[PDB]
Amino acid sequence: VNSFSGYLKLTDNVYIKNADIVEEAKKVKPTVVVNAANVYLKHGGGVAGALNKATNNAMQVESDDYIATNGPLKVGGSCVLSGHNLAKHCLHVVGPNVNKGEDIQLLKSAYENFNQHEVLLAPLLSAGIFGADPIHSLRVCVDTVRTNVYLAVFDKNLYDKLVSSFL
Ligand SMILES: Nc1cc(NC(=O)NC2CC2)ccc1C(=O)N[C@@H]1c2cccc(O)c2C[C@@H]1C(=O)O
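Residues numbered from 1 in each chain as written, not as in the entry; some residues may be left out. Heavy atoms only, no water.

- If you check the header, you'll see the entry was determined by X-ray crystallography and the resolution is listed as 1.0500 Å.

Below you can see the structure in the form of structure tokens.
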């Protein structure tokens, strides 16, 4: 038993809810919140800019030190950093950005990072300003992640379409 509330159960291990992932993180304080990161950990917009804003830019300060030491991530890759005031840890995961021409097959590799954590609060990878089809992203999530994932979908219209179209 965990503290996530109001989710619809899609499979044995995947749950979904129309929710603002920022508000959901502040309320649950999960062990892991997933960020929709880019390879430079430049948290400008979408899910990343919102999570970073909620940390009063501390996420960006930590991220800049990470990149100065380690260099950029790979598309499909991840790193674990602090969750600041939102979670114990933030798993920064880089899904492919269709608006940069990146290979959508990298979406499965991106979701594989979630399997290193028993429970996660997450957005749909590559959705939103990353340009992929969120229905496809949800399908890859369900077919790739084996650990317990609580997906937060900001847009109510999309959530209903995601729910109403799910096989
Ligand atoms: N830019 C944001 C900002 C926040 N939250 C705040 O700003 N919270 C502050 C405290 C009030 C949450 C989500 C977002 C955000 O980009 N969503 C995206 C989106 C939108 C429409 C269609 C989509 O496919 C997607 C994929 C993303 C998602 O929903 O995962």
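Text resumes after the structure shown.
**A short note on the layout of surface pockets**
Okay, step 1: By volume, the largest pocket amounts to about 470 Å³.
Okay, step 2: Taken together, 23 residues line the largest pocket, and the ones lying closest to its centre are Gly46, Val47, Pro123, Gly128 and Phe154.
Okay, step 3: Elements that contribute at least two residues to the lining of the largest pocket include exactly α1 (21-28), α2 (46-54), β7 (148-153) and α6 (156-164).
Okay, step 4: Class assignment of the residues belonging to the lining of the largest pocket gives a composition of 17 nonpolar, 4 polar and 2 charged. (1 Å grid on protein atoms, 1.4 Å probe; cavity = no way out; pocket = protein on both sides within 12 Å on 5 of 7 lines; lining within 4 Å. Points joined across faces, edges and corners; volume = space filled by probe spheres on them. Helix = DSSP H or I, 4+ residues; strand = E, 2+ residues; numbered from the N terminus. Nonpolar A, V, L, I, M, F, W, Y, C, P; charged D, E, K, R; others polar.)

**Details of the packing of aromatic side chains**
Okay, step 1: Inspection of the entire model under this criterion finds 5 aromatic pairs.
Okay, step 2: With centroids separated by 4.0 Å and ring planes inclined at 10 degrees, the aromatic side chains of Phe4 and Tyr150 adopt a geometry described as stacked. Of the two residues, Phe4 is situated in the segment before β1 (8-9) and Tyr150 in strand β7; the sequence distance between them amounts to 146 residues.
Okay, step 3: The class for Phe4 is buried, based on a relative accessible area of 12%. (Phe/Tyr/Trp six-rings, centres within 6.5 Å; stacked < 30°, edge-to-face > 60°. Buried < 20%, exposed > 50% of the residue type's maximum accessible area, 1.4 Å probe, protein only.)

**Thoughts on the nonpolar core**
Okay, step 1: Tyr111, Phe114 and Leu151 are the most contacted members of the largest nonpolar core, which totals 26 residues.
Okay, step 2: Sorting the residues of this core by element identifies β2 (14-18), β3 (32-36), β5 (89-93), α4 (106-112), β6 (119-122), α5 (134-144), β7 and α6 as the ones contributing at least two each.
Okay, step 3: Per-element tally for this core: the top contributor is α5, with 4 residues.
Okay, step 4: Excluding residues that lie within four positions of it along the chain, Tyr111 makes contacts with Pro123, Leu124, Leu125, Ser137, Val140, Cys141, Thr144 and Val145.
Okay, step 5: Counting 17 residues, the second-largest nonpolar core is a separate cluster that includes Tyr15, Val28, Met59 and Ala87. (Core = buried A, V, L, I, M, F, W, Y, C linked by side-chain atoms within 4.5 Å. Contact = heavy atoms within 4.5 Å.)

**Side note on the pattern of salt bridges**
Okay, step 1: For the structure shown, the criterion picks out 4 salt bridges.
Okay, step 2: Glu24 is the salt-bridge partner of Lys17, the closest N and O atoms lying 3.1 Å from each other. As far as burial versus exposure is concerned, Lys17 and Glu24 are alike and both buried.
Okay, step 3: Note that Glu23 and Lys26 form a salt bridge whose closest N and O atoms lie 3.3 Å from each other. Taken together, the positions of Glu23 and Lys26, both in helix α1 and 3 residues apart, correspond to about one turn of that helix.
Okay, step 4: By relative accessible area, which is 45% here, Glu23 ends up partly exposed. (Salt bridge = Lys/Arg side-chain N within 4 Å of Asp/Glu carboxyl O.)

**Some points on the site of the ligand**
Okay, step 1: In the neighbourhood of the ligand, the contacting residues comprise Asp20, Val22, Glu23, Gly46, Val47, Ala50, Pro123, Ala127, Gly128, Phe154 and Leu158.
Okay, step 2: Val47 places a polar main-chain atom, nitrogen or oxygen, 3.5 Å from an oxygen atom of the ligand.
Okay, step 3: A total of 640 Å² of accessible area belongs to the ligand in isolation, and the protein chains cover 65% of it.
Okay, step 4: Counting atoms within 2 Å of the grid points, the majority share of the ligand lands in the largest pocket.
Okay, step 5: For the shell around the ligand, the secondary structure elements donating two or more residues are α1 and α2. (Near = heavy atom within 4 Å. Polar contact = N/O pair within 3.5 Å; in protein donor to acceptor, adjacent residues only side chain to side chain. Areas by Shrake-Rupley, 256 points an atom, 1.4 Å probe, with all protein chains shown as cover. Sits in = over half its atoms within 2 Å of the grid points.)

**So, unusual backbone geometry**
Trans is the prevailing form of peptide bonds, just as negative phi is the prevailing case for residues other than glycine.
Okay, step 1: Unusually for a residue other than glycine, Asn56 sits at a positive phi of about 60 degrees.
Okay, step 2: A positive phi angle, close to 70 degrees, is found at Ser126, a residue other than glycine.
Okay, step 3: Residue position: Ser126 is located in the loop between β6 and α5.
Okay, step 4: Taking the relative accessible area as the measure of exposure, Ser126 reaches 4% and is therefore buried.

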